[PDB]
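*Asks:* Residue numbers (the entry's author numbering), protein chains in the order written: chain F, 7 to 233; chain E, 7 to 233; chain D, 7 to 233; chain C, 7 to 233; chain B, 7 to 233; chain T, 4 to 161, 172 to 232; chain U, 4 to 161, 172 to 232; chain S, 4 to 161, 172 to 232; chain O, 4 to 161, 172 to 232. Questions regarding the structure given below will be posed in turn.
Quick look at the structure:
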């Protein structure tokens with residue numbers, strides 16, 4: 007009887023409505039990423055859909071800068087509004103400081119925005135989690151921003167329906183500073199071990215940066231190598 | 007007990023009110039479109055009504071520019087308010103950039119407008135889906151904007167009550183770059199295979215553009231050819 | 007349990023509160039109109055009431071200009087507020103463009119106003135439908151604006167409790183470009199065939215325009231001819 | 007279950023809350039008025055109360071100008087707030103046009119004010135009906151403004167608990183252009199035939215205007231004549 | 007089920023919430039007043055309380071001017087906020103017109119303020135009635151302002167728990183233009199006949215004005231005379 | 004035509020028929036209840052000032068039979084007269100709507116009260132199945148009397174029984190059933206006067222369940 | 004095909020069948036109820052002006068048997084005719100939805116009223132288990148009569174019994190069951206006229222539980 | 004005229020009649036309950052200090068019969084006096100409205116309490132059907148006594174039976190029914206004093222269910 | 004694997020099995036109900052045009068036995084065919100959630116209607132415990148017939174009894190149980206056609222209680 011409003015705690019002291027937005031994230035497809043020797047990558051599972059769909063607009067990975075990028079999971083409407091807010095906040099940070107100096111308060115803008123809606127009635131939260139990744143003045147960054155707004159810097163994570171299984175794999179297999187290729191194949195194995203039996207891993211979008219370089223997205227045949 | 011407010015998630019994390027606006031779309035008549043060799047078209051089913059009605063104002067297809075057009079399905083009140091917002095947004099994009107440079111953020115404006123109402127209490131969503139289509143600096147475009155706001159670039163789609171059957175047909179029959187006539191007849195067969203048994207396809211409105219040309223709507227006797 | 011708020015859809019995706027405003031229209035008396043050879047008319051049934059009432063203020067037909075006029079059906083309070091808004095919007099259109107150039111966006115002003123209240127909580131819709139008719143730069147116009155806001159250009163319509171029976175008659179009897187008198191008598195027969203058995207058609211108010219002329223309302227003895 | 011909010015229609019399409027304000031009017035004492043040969047009058051029943059009450063402040067009839075006056079029935083608090091708004095709107099009309107040119111949009115100000123509260127939640131309507139009467143540039147006027155805001159020009163009416171019986175009498179007895187005295191005695195007979203058996207008509211306040219003259223209220227002994 | 011909101015009428019047309027504020031007035035102690043030969047007085051019952059209380063701040067009678075005064079009954083918090091608003095409105099009337107010209111629209115300020123809260127949701131009414139009394143340009147005044155806002159000029163009244171019994175006494179005993187002393191003793195007898203059996207009338211605060219003079223409050227030993 | 008059949012029902016059972024029933028209850032029924040109550044008072048003491056034997060198990064007390072028969076005929080008349088008001092109200096229950104049921108609820112309330120009247124006017128033995136109020140005897144007063152008495156008369160006449178508590182049980186059948194008659198008449202007085210109150214305050218909403226002047230609002 | 008089977012049901016039991024039942028109730032059923040009521044009135048007084056003996060326990064009262072049989076055949080006909088209207092309404096109950104049930108609630112209300120009709124038309128003995136209204140006799144009128152009479156006839160014929178209250182109990186069986194017949198006919202008159210009112214005011218929502226012109230709103 | 008009939012009811016059964024009943028309960032009824040309770044106390048010990056045989060199955064205990072008859076007459080008087088207050092409240096239940104039922108709910112509450120009084124004053128055997136409170140004996144005290152005693156007296160007298178538990182069961186009938194009388198008088202004391210409290214605190218809303226000074230607000 | 008067992012249930016009892024049951028009901032079951040109804044009509048009049056004696060208590064009416072046995076076999080077949088649809092719906096009741104139960108409520112409603120069908124198809128004697136609708140006979144028609152007839156045949160054959178009401182009670186057993194058969198067939202016609210309507214309008218939500226295209230919304 008308490009899980010109807012965003013502004014009511016429970017006898018344990020729980021915000022169920024926030025947790026149900028977190029459950030809405032869990033219905034999205036798995037997307038992971040990690041940092042390595044001079045840079046970070048991102049991997050995102052895509053169960054291949056209608057060939058009528060222009061492939062340009064089903065990419066869960068999105069460029070928020072030449073030097074910051076992210077991936078979502080959850081509601082697609084809220085997901086797109088969020089990556090829009092990430093882009094606009096990157097531009098505001100870049101115009102007030104001359105450059106996106108550190109990725110952290112880009113994600114703070116996004117995080118405070120997502121947090122505020124977990125507090126006021128008449129508003130629902132965003133049912134999306136986001137994984138940011140890029141290069142700044144400090145180096146490789148990797149965050150995750152959840153529906154409640156909580157951000158944490160990682161060396162590897164996932165989001166989506168697999169998230170527990172992927173972080174379980176990476177929790178016992180990931181070793182830092184892998185050269186890019188070896189890192190990618192480790193992350194592919196991580197993504198593989200989150201599916202159910204009988205499911206064949208289709209082609210997932212994967213993209214990376216190294217320190218001093220810009221973004222690139224591996225096209226489908228460079229992806230096709232690690233199948 | 008959770009499908010009463012726009013701002014409440016469920017034990018799965020579902021927004022039923024948004025889904026019921028999507029169900030309100032499903033009660034509208036089928037309308038499809040696809041791109042082809044230098045251009046895009048749109049087809050819209052119309053079960054012919056009262057001859058007292060001036061035919062000028064039952065057109066589901068509407069010109070938002072000489073170079074962008076769309077078609078709706080759902081609530082007719084919200085439908086007209088939406089095509090009005092699409093027109094005004096096209097004019098604002100055209101005045102700030104000199105021309106409608108890309109169709110994409112015309113549809114982003116419409117999308118963000120439709121998304122915002124799926125988040126705040128005291129407001130209901132729009133029960134309309136829209137299919138945009140035109141030529142820009144890039145070329146043939148084709149989107150669909152749903153009640154939640156979600157936009158996706160396609161090479162072919164439908165909306166309305168037939169949508170699943172039409173996208174099921176096009177999913178196994180559509181081949182890109184057809185010369186305009188062959189494309190139209192494929193889309194007519196798509197629209198045919200979505201009706202129920204005994205129903206005869208009446209005359210549907212169909213319109214197209216090619217790259218470098220303006221709009222034209224096939225009049226009823228050019229339509230009458232492909233019956 | 008969903009027909010209590012204006013902002014809640016249903017398992018089918020219906021807005022019942024809007025439909026109940028449409029039901030509130032249905033309790034008003036029948037009023038019809040059609041266009042003909044150079045002009046449009048309007049007919050409105052009136053079950054004759056208290057002779058204490060000054061007849062100047064029971065006219066369902068109202069002049070929104072010398073060149074636009076309309077008729078209502080539904081709640082009398084909302085009806086008068088609406089014909090006021092139609093008049094004020096005609097004056098704003100006339101002052102920004104020098105003249106009421108086209109009737110269509112006078113009715114767009116009225117339509118957007120009536121639509122907006124079908125979307126926000128804390129406001130109820132208008133329980134009135136309006137039939138606009140006049141001469142513009144284009145020629146004879148004839149619209150109907152319903153509680154949800156939906157406008158449609160017709161060649162003949164009705165509103166009110168008879169509406170289905172009158173549009174059923176006109177749907178099989180109306181022929182365009184009748185000279186004014188013959189048109190009026192057709193519309194009188196239309197209005198006659200909507201009453202119940204035993205009811206005698208009293209004297210209804212009827213008014214018309216021709217292209218290049220102003221308004222006139224047939225007085226009761228010119229009306230008395232067609233009984 | 008629908009008669010709790012001002013903003014919810016019913017399966018028939020009824021605004022019960024507005025009708026309940028109309029029922030609140032029905033508990034007030036009867037007050038009538040009519041126009042005659044060059045002018046209008048008003049009659050108001052008063053069951054004589056506490057002799058400690060200064061008689062200057064139980065007058066249901068109130069002067070909104072030297073040339074407009076009215077009478078109320080319903081809630082006494084809302085009644086006085088309404089006659090205040092009538093006075094203030096008379097002064098605003100008089101300052102923007104030099105004089106109270108027509109009584110009609112004084113009553114439009116009052117009517118739009120009373121109508122607005124029948125539409126927005128968090129506000130209740132006024133439970134008062136008002137009968138305006140005076141002389142303008144046109145001549146004798148006589149309106150009634152109900153809780154929903156609906157105004158109508160009459161030649162005779164009542165409001166209050168008797169209203170049906172008085173308008174029933176006047177509906178079969180009233181003849182226009184009576185010289186003032188004969189009119190008053192007809193209205194007294196009208197007021198008499200609305201009471202219940204055994205009740206004796208006490209002394210009612212009555213006041214009138216003729217064209218070109220100001221207001222006057224018949225004092226209790228000029229009233230005492232027509233008992 | 008309708009006595010929960012300030013904005014909902016009933017099948018009779020009753021505002022129960024306003025009536026319950028009027029019931030909250032009824033739990034306050036009796037206070038009366040009347041006008042006489044050149045002036046007005048006020049009498050207020052006080053069941054004598056804690057001798058720790060400074061007697062300066064249990065006075066139900068309060069000076070709103072040297073030439074207007076009042077007495078309350080009901081909620082003590084709302085009572086003090088109301089006598090504050092009466093004082094501030096007296097000062098605003100005095101600064102815009104040079105002097106408190108007539109007591110009536112001081113009480114109109116207070117009355118409109120108290121009425122407004124009987125209409126909007128999210129606000130409760132004031133549970134206090136006030137009796138104003140003083141000398142103006144006209145002469146002796148005596149009003150009562152109830153929770154709904156309704157003001158009436160009297161020659162004698164009470165408020166509080168006795169109100170019916172005191173107005174019942176004065177309704178058959180009060181004669182106007184008594185010299186001050188005789189008036190006071192009549193009002194004391196009025197206050198006496200409202201108590202219950204066994205209760206002895208303690209010392210009540212009583213104060214008066216005559217025309218051209220200022221205020222004075224009879225001290226306890228001038229009061230002690232009329233016991 | 005349907006409106007003809009509805010008007011044929013309502014003109015047949017109308018408000019003057021129901022109010023004639025209410026007038027008959029307000030005068031004659033109440034004094035007849037009181038007369039049967041006083042007869043039960045007198046017969047109870049006539050039983051009380053007596054000591055029985057075998058001879059009182061050989062003849063039925065015709066005075067008690069007459070008191071029971073008078074109460075039974077009263078209950079029959081009150082039931083049929085209540086059914087008259089039931090039909091008058093029930094043929095004016097309007098079209099079923101989810102709102103506008105203000106006067107419809109008045110009709111359901113008054114029909115509920117008349118239900119209570121006739122459920123405590125209709126007869127019942129000791130059912131031993133209900134947790135509510137046990138119904139005072141009703142229609143089967145003389146039936147239940149003669150059954151419960153004939154059992155003890157069979158046990159007393161046969172050789173016969175030697176239980177003196179059986180003989181005093183026969184005596185208690187006589188006194189107890191007259192006592193039940195006077196209890197029942199007191200409660201029927203209460204219930205009849207309650208129904209008279211309910212009709213005479215609610216008859217306007219009973220006949221017109223909703224008032225329609227929609228042409229003032231809807232034109 | 005499914006729509007063919009639905010149309011096959013609805014064309015078979017239609018609105019003219021239900022309204023023909025309502026016409027038959029509005030004329031013939033009501034005068035037949037009244038005729039059986041007057042026959043019960045006359046037979047009750049025929050029993051009342053009599054004093055019984057052993058000879059009245061030796062032959063069954065064929066007049067009372069005929070009155071009970073007429074009431075029984077009436078209840079059978081009224082039950083079957085009510086089941087006709089039940090089927091007409093129940094084959095037009097639409098697809099189950101959580102909203103749009105305005106006319107569906109009208110159907111449930113009218114079916115609830117017809118339930119009351121046939122639950123007080125179907126028969127029952129004195130169940131002694133219900134706290135509601137005890138049902139007037141119903142279908143088993145002649146059955147309950149002959150059972151309750153045959154018990155007393157066994158006790159009177161056998172040597173026989175000597176209880177005079179048993180003989181007057183047989184007399185009270187005769188008078189009381191005719192009294193129950195006339196009570197039951199009065200209540201059935203009330204209930205039948207209530208159902209006639211309910212159908213003739215609600216038939217539009219009974220046949221069309223929801224009206225659809227969604228193409229005006231949804232295009 | 005209708006108002007004449009309503010005034011004829013209310014002037015006939017008024018507040019002074021109901022308060023005279025409350026005065027009689029507050030003094031005399033309570034000491035009569037206490038006297039019957041003390042008589043039950045003494046008779047219970049008179050049974051307790053005894054050992055029975057065949058001779059105690061041959062004569063009914065007239066002292067116990069008198070105690071049961073006194074309690075029975077008390078319950079009759081308390082029932083009729085409660086029905087007086089029931090009628091006084093029930094003839095002042097106003098017009099049925101969906102609001103303004105503040106004092107109407109007071110009337111329904113006090114009638115509910117008087118319902119409890121008379122449902123535990125009216126009599127009942129061991130019904131074995133209810134899950135609520137089993138009713139202390141009520142009106143049928145002497146009836147249930149003589150029935151349950153006459154069964155055991157038939158079994159003891161006939172040759173007779175040889176069960177000593179049957180003889181001690183007769184003894185336990187005697188002691189247990191006096192025990193039930195004193196339990197019942199204690200509970201009736203509690204219930205009567207509760208009803209006296211309810212009336213003396215609620216009589217203003219019982220007689221005036223709503224106060225109307227609408228001319229102050231509606232003019 | 005669990006999904007294998009769920010698919011093993013659903014492929015075993017599928018929608019074509021349930022709709023084959025609905026087709027069999029829509030044609031053959033209804034004409035068999037009507038044939039047993041006409042046989043009950045004819046047998047009732049065959050009993051009616053007769054006067055009985057001791058000889059009719061010496062042989063059982065094999066024609067009535069055959070009519071009861073046909074109705075019993077019909078009720079068995081209708082029960083098993085209803086249980087088929089019950090299993091088809093009940094093996095597609097989805098995972099229990101606090102929302103998304105729109106089509107789940109359709110399943111509960113249709114199962115509730117089939118519950119009504121089989122609760123008035125399963126048999127019951129006169130239970131005298133329920134306040135709802137007494138169930139028309141059901142499965143135990145020939146059982147209840149032979150029991151209630153054999154009691155009267157024992158009383159008539161033994172010397173035998175001399176009650177003529179007992180003989181006419183045997184006659185009324187014969188006529189009344191055929192009457193109950195034809196009442197029961199009319200009500201079963203109504204109920205079967207209601208269930209056919211419910212399935213043929215609700216089968217889409219019965220088989221798919223919720224539709225999932227969440228990948229459009231959740232990606």
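Quick reminder that beta carbons are idealized off the backbone N, C-alpha and C, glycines included.
Decide yes or no for the touch test of the region 200-214 of chain O against the region 38-58 of chain F: beta carbon pairs closer than 8 Å, at least 3 of them.
*Replies:* With fewer than three CB-CB distances shorter than 8 Å, the region 200-214 of chain O does not count as touching the region 38-58 of chain F.
*Asks:* What is the C-beta distance between residue 166 of chain E and residue 34 of chain E, in whole angstroms, given that I count them as a contact (C-beta under 8 Å)?
*Replies:* In the second chain, counting from the first residue as 1, residue 166 of chain E sits at position 160. In the second chain, counting from the first residue as 1, residue 34 of chain E sits at position 28. Sure, about 5 Å apart at Cβ, within 8 Å.
*Asks:* The region 125-146 of chain D: which residues have C-beta closer than 8 Å to a C-beta of chain U, in chain order?
*Replies:* Per Cβ criterion, the list is empty.
*Asks:* Find out if the Cβ-Cβ distance for the pair residue 39 of chain O, residue 74 of chain O is shorter than 8 Å.
*Replies:* Here residue 39 of chain O refers to the residue found at position 36 of the ninth chain. Here residue 74 of chain O refers to the residue found at position 71 of the ninth chain. Contact flag set, yes.
*Asks:* Would you grab the beta carbon distance between residue 38 of chain C and residue 193 of chain C for me? Rounded to a whole angstrom, and I think it's under 8 Å.
*Replies:* On the fourth chain, position 32 is the one that residue 38 of chain C refers to. On the fourth chain, position 187 is the one that residue 193 of chain C refers to. Indeed, because the Cβ distance is near 6 Å, the residues count as touching under 8 Å.
*Asks:* Identify each residue in the region 97-109 of chain U for which the Cβ-Cβ distance to at least one residue of chain D is less than 8 Å, and report them in chain order.
*Replies:* 100, 101, 102 and 103
*Asks:* Name the chain S residues whose beta carbon is nearer than 9 Å to that of residue 206 of chain T?
*Replies:* Reading the sixth chain from its first residue, position 193 is the one you call residue 206 of chain T. By Cβ distance, chain S contributes 12, 15, 16, 90, 93 and 94.
*Asks:* To the nearest angstrom, how far is the alpha carbon of residue 190 of chain S from that of residue 134 of chain S?
*Replies:* Counting from one through the eighth chain, the residue named residue 190 of chain S turns up at place 177. Counting from one through the eighth chain, the residue named residue 134 of chain S turns up at place 131. The C-alpha of residue 134 of chain S is placed about 22 Å away from the C-alpha of residue 190 of chain S.
*Asks:* Helix, strand or coil, according to DSSP, for residue 59 of chain D in the structure here?
*Replies:* Here residue 59 of chain D refers to the residue found at position 53 when the third chain is read from its first residue. Residue 59 of chain D: strand per DSSP, three-state reduction.
*Asks:* Just how far apart, CA to CA, sit residue 105 of chain B and residue 71 of chain B?
*Replies:* The count along the fifth chain starts at 1 and reaches residue 105 of chain B at position 99. The count along the fifth chain starts at 1 and reaches residue 71 of chain B at position 65. Answer to the nearest angstrom: the Cα atoms are 11 Å apart.
*Asks:* Mind listing the chain O neighbours of residue 237 of chain E? Cutoff is C-beta to C-beta under 7 Å, in chain order.
*Replies:* Coverage of chain E is limited to positions 7 through 233, which leaves residue 237 of chain E absent and any answer about it impossible.
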